[PDB]
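Let me begin by presenting the structure, written as structure tokens, before commenting on it.
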Amino acid sequence: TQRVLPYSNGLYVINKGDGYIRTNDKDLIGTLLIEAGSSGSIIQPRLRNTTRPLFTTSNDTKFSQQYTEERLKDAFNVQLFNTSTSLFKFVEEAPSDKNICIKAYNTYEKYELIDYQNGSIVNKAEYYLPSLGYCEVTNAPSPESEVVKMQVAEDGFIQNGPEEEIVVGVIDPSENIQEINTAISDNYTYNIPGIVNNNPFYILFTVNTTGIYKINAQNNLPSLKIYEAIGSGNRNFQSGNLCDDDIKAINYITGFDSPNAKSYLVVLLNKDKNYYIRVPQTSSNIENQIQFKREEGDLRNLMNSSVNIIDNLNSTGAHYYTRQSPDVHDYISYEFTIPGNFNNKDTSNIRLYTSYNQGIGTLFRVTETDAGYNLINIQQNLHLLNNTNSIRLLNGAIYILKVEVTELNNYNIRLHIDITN
Amino acid sequence: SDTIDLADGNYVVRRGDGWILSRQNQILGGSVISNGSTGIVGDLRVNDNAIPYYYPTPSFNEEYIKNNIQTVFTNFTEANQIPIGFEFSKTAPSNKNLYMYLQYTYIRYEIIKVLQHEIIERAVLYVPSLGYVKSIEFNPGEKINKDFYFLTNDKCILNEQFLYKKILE
Amino acid sequence: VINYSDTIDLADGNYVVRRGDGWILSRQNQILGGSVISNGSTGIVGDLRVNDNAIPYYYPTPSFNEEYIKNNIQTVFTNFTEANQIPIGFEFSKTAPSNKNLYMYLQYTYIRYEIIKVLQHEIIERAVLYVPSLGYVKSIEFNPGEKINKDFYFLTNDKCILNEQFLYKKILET
Amino acid sequence: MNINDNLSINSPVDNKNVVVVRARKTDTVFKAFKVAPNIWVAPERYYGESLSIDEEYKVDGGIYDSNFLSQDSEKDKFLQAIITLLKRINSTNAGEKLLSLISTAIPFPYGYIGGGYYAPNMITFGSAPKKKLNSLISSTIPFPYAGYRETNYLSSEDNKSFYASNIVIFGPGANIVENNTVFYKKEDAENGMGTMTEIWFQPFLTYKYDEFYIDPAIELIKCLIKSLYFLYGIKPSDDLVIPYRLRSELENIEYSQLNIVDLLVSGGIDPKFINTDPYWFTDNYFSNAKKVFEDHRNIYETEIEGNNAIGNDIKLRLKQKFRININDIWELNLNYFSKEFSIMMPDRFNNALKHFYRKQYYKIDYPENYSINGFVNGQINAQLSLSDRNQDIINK
Ligand SMILES: [Mg+2]
Ligand SMILES: [Mg+2]
Ligand SMILES: [Mg+2]
Ligand SMILES: [Mg+2]
Ligand SMILES: [Mg+2]
Ligand SMILES: [Mg+2]
Ligand SMILES: [Mg+2]
């Protein structure tokens, strides 16, 4: 009964809400007993700015306090950890009938730095940033009631604020970032430098023409991931040049983590925004190039998604392919070739389905026409989750299936090709 | 209190917030407002008024109490350097006089020694948390109850707590 | 899908522009902290700063450096460098309704100044400057476990909670 | 209190005990470690002096090495040696009192920006909504609450963080066998306000005088005592000097002289001829410094005391600072600590030793050659090795 997190491999900072206090009244500023008709004020006037942030970690040599603070600075651009000039005051007017207790607690905002890999958190740190207080009002306890003995609770935190989960990916500081200072023309070839010796790295670039781009590597290997710099281009700007705002907060768009998977990215890019492209660790000394090409034909129908190239579909029978599933309402595509020689009359019975995740699939066929590269929409609204319907497809033909994840039930998505005849 | 259901040893206990000391009620002063006015009496917990009051025992000296309490409960040495204000406001009715007096509230901590499930030793620390005021509308020459002014023994204006942790050797 | 168009109907040259008051920045919404009040209590948040100045956010260009930007903005507009020495303060008061919890959080507002280079009825270069003006709070009444709109907490791109302005003057070397 | 022990040259910068701060106003920056409240150690050479100087400007008997205290291993050895010496000083009641006095003798902070020590300006905050319109129902707070501008602080490299500091213990300057005590601001050092004090100390080298080695702890104590004149702003005029030794070696009549602070701090037999029960030597400095000390005490007693818009961290330290009298500082010297610690020291003309005999330097190692109990096997039978630098001594 574990909820699925569709995040890609990398480092994330999550704002997990406000109004966190410690157990056993560790953060109790104090209690006011306000008589009937009276008012009660509790002020933090910030006569001294000092605050006391809290920090726990699953590993102090990697997710240290300095490292966690820098990641917080990358995600939400926080810059005051130990100090704060922001005041907060609570006023409660007791009604004319009864008395009122008010309890004022110092609060914290719970940021969580996670290192998400293969659908499981491998490292995790909690930074509690000094917040602006919590006040609970209660009826005055009737004298004298009666006291119940209690053991102190375990060290922990209680949230009194609203539910909140704001996930922001951040740039890994151990991976070098290469910046393309001039804007991206409709066609470009980036030569991966020899300095980054097959280490995973980012390419920061802007685009000249708003539109859909196919981005890949040589032979579509390795797979690439693409992020958008959050809030980029709302500030200093020079025409045709990449005005970089030191924005390390990144929004995942699409891309596969498996470096052995053949894939190419079809993604819509804006000329006002800046984008990161992560290429993973290659286990070879292979010189590689990142090919950017503005798409004008029918491939515009594949945005935004990574298209997975299927090679071993060279026999009849059962095949299945497992890849990192996208989030809800996101896309993943598969380009595959039906086995057998193509003569436009030989056909085979194909069944497409998924095992756990529900999705809506659109099937395109690749044919060369007067225009050239051309996708023909041949199947719409195919519900892949344990789908029972099959279709006859031409042997030796290329097909592209675009799947939109409508229900997330597993970290991976398993698409099967069942070929009879 | 005697014979608790605890194993032998030493314990740190939090008794809750809202403790007012005996005979200390009106030592801070009072205000007399009248005829539709509003009186606001308050204080700022900083420095000398934030210094806690200790009451040790032969086994539990000042350092033992302070270190154990701060290890388990809120660290009051750091937190009392940051000023914290509080205030109370009351409005006098028309053609009448109202009196209001202020007294600090304290967090009451205890260091207790249990031997054969019976408390044989208790040391007490009062940490100045905040304040509490009491008001009454009075006529010229009217008698006032002795309970409003004076307090005989230390008491908690709220529900008392008992949060215990065994002190490890 | 949405485009920002950099052509402007101004002459060719360099221009200092005040874009107005009440600018909030991306991802910096809840970095100041928030207050949670409950059941008829009044929460008051604010910020008074004896501390002369809050840092201004520069975003300059090759043509317009910080010296250029600062000198021109202070020459035409508010002398912010020295005016930041004088104190400033504000407050916001909200009342939680009965048997309901309210959450409020504060963020700084800014004056957005721009240095634009206009060439053939189009801006070819723009430098930006945020000067801290005042604060702005956002609140919500919530229940335990209630899902909250993601836009209440997080802001993807810079915006102006007020009406944007364009108060320009053509920069002339004198 | 006790000196902080968990410090290493590689200890991470935490902005509490390990800081990286600017040197005065220059573009130079150094790493410092807080050992006691308002007491720091910077295990590097002193920034203010060039480590390579002219051959004409090298003093007689000095040793010059530009590459000393450059490695991090040397820095850690220096830091641990200073920590050991401070622990030894704090292990005795007299030395512990001296260290506590240094910790509490903060320089007098300047008043509010507009000028004055008396009171803040107050301000109003808060409101009750409403029938009533509770607009003036609110809280009142003193506006600055800290307006006193302290002069004893190290500024971080970004110039955004400030750390209180009374004493910083540096390494040697150009001359590595010359301990020294310098002031942050001369004006504040002489006007009774007081100023931060910096110390150049050499803990790795001593010299043998008449069958015993000089204890580095008492050399540090001399520097610490001299720092009291700067902390209390009672540094006399530079012209206040006393005759110390008639230069009978020269053909003509010539007197060597010494500053009154060096005489009153170094101790020995010499200062007894100047400090007499009936004073025979007087100057405007004594009365004037007593007057300015009384002035600052009055400033505290009348203004700073009755001002509850100050943290205790300033006014309580001022309270303990003015518990001492000026004559206490004047009467304080090295003989008292020589008796208290049972430490042997030169007694005759201890500031003119460079003339009477030729020092040879022995290397001190910690904790093998020197522990919290002083030298192992005492100052007489200590197994010390002649330093390799005895050949580098300038002979003028
Ligand atoms: Mg927890
Ligand atoms: Mg182009
Ligand atoms: Mg188009
Ligand atoms: Mg694989
Ligand atoms: Mg599998
Ligand atoms: Mg604490
Ligand atoms: Mg305006």
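All Cβ positions, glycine included, derive from the backbone under ideal geometry; neighbour counts span all protein chains shown. Quick note: the coordinates plus some simple rules give every number you see, no bench work behind them.
Roughly how far apart, in whole Å, are the Cα centres of region D:95-116 and region A:386-419? Cα centres, region D:95-116 to region A:386-419: 78 Å. Karplus-based coupling profile of region D:325-334, in residue order and whole Hz: 9, 5, 4, 4, 5, 5, 6, 7, 8, 8, with θ = phi - 60° in 6.51 cos²θ - 1.76 cosθ + 1.60 and x standing for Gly or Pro.
With a ≥ b ≥ c the root eigenvalues of the C-alpha gyration tensor of region D:274-353, is it rounded (a/c under 1.5), prolate (a/b larger than b/c) or oblate? Oblate. Separation of region B:143-169 from region A:189-230 is 69 Å, based on Cα centroids. Pairs of Cα atoms nearer than 8 Å and 6+ residues apart set the relative contact order; for chain A it is 15 percent.
Based on C-alpha pairs under 8 angstrom that are at least 6 apart in sequence, region B:77-134 has a relative contact order of 36 percent. Seen from A:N409, the other residues with C-beta closer than 14 Å to its C-beta sum to a net charge of 0, counting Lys and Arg as +1 and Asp and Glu as -1.
Phi angles of region C:76-84 translate, via the Karplus equation with coefficients 6.51, -1.76, 1.60 and θ = phi - 60°, into HN-Hα couplings of 8, 9, 3, 6, 5, 4, 7, 5, 6 Hz per residue; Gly and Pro are given as x.
For D:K359, the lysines whose Cα falls under 27 Å of its own Cα, not counting residues fewer than eight places away in the same chain, are D:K58, D:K75, D:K77, D:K208, D:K222, D:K226, D:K272, D:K339, D:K396. Near A:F256, the amide H atoms lying under 5 Å from its own belong to A:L224; only residues 5 or more places off or on other chains count, and H is placed 1.01 Å from N. The orientation-averaged projection of the convex hull spanning the C-alpha atoms of region A:347-386 amounts to 3.7 square nanometres.
Listed peptides A:138-151, A:168-181 appear in the order A:168-181, A:138-151 once ranked by packing, highest mean of other Cβ atoms within 10 Å at the front.
May I ask you to derive the relative contact order of chain C, considering only C-alpha pairs under 8 Å and at least 6 residues apart, and to give it as an integer percent? Before the final figure, lay out each step's value.
Values: 354 pairs, mean separation 72.5, N = 174.
Reported as a whole number, the value is 42 percent.
Counting Cβ atoms of other protein chains within 10 Å of each Cβ in D:351-360 and taking the mean gives 0.
Hey, what number do you get for chain C at 222 nm if only DSSP H runs of n ≥ 4 count, each worth -39500 (n - 2.57), divided across all residues, to the nearest 500?
Rounded to the nearest 500, the figure is -2500 deg cm²/dmol.
The angle between the Cα long axis of helix B:62-72 and the longest principal axis of the Cα atoms of chain B comes to about 90 degrees, rounded to the nearest 10.
Calculate the all-directions average of the projected area of the protein assembly as shown's alpha-carbon convex hull, and give it in nm².
Values: hull surface 258.7 nm².
Mean shadow area of the hull around the Cα atoms is 64.7 nm².
Our note on the geometry: Cα centres of region D:166-182 and region C:83-118, 50 Å apart.
Which entries of C:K100/D:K131; C:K100/C:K147; A:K271/A:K293 show an alpha-carbon separation above 22 angstrom in the structure shown?
Beyond 22 Å between Cα atoms: C:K100/D:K131.
In straight-distance terms, cross-link reach from B:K66 covers every one of the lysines whose alpha-carbon lies under 19 Å from its own, apart from those fewer than eight places away in the same chain; here that gives A:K26, B:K113, B:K165, B:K166.
Computed over the alpha-carbon pairs of region C:1-117, the distance histogram in 5 Å steps reads 2, 8, 14, 16, 16, 13, 10, 9, 6, 4, 2, 1, 0 percent, short to long.
How big, on average over all directions, is the shadow cast by the Cα convex hull of chain A, in nm²?
Numbers: hull surface 115.7 nm².
Across all orientations, chain A yields a mean hull projection of 28.9 nm².
Backbone phi angles across region D:371-388, fed through the Karplus curve with coefficients 6.51, -1.76 and 1.60 (θ = phi - 60°), yield HN-Hα couplings of 10, 4, 8, x, 4, 5, 6, x, 6, 8, 9, 5, 8, 10, 9, 4, 5, 5 Hz in residue order; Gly and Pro are listed as x. A prolate overall shape is assigned to chain D, the ratio a/c of its alpha-carbon gyration tensor axes (a ≥ b ≥ c) being 1.5 or greater and a/b exceeding b/c. Mind pulling the angle between the C-alpha long axis of helix A:65-76 and the longest principal axis of chain A? Nearest 10 degrees, somewhere in 0 to 90. It is inclined by approximately 70 degrees. For peptide B:40-47, the mean count of partner chain Cβ atoms within 10 Å of a residue's Cβ comes to 5. Using only the C-alpha atoms, the convex hull of region C:1-41 corresponds to 204 Å³ per residue.
Peptide B:72-82 shows a mean partner chain C-beta count of 4 within 10 Å per residue C-beta.
Among B:115-127, D:272-284, what's the highest-first ranking by average C-beta atoms within 10 angstrom per residue?
Numbers: B:115-127: 16.2, D:272-284: 10.2.
In decreasing order of mean packing, B:115-127, D:272-284 become B:115-127, D:272-284.
Put simply, when A:374-380, C:145-151, D:196-202 are sorted by average Cβ atoms within 10 angstrom per residue, most first, you get D:196-202, A:374-380, C:145-151. Hull volume per residue, based on the alpha-carbon atoms of region A:11-83 and their convex hull, is 150 Å³.
Going by a ≥ b ≥ c, the root eigenvalues of the Cα gyration tensor, does region A:163-210 fall in the rounded group (a/c under 1.5), the prolate group (a/b larger than b/c) or the oblate group? Could the numbers behind the result be given before it?
On the way: a/c = 3.49, a/b = 1.31, b/c = 2.66.
The shape class here is oblate.
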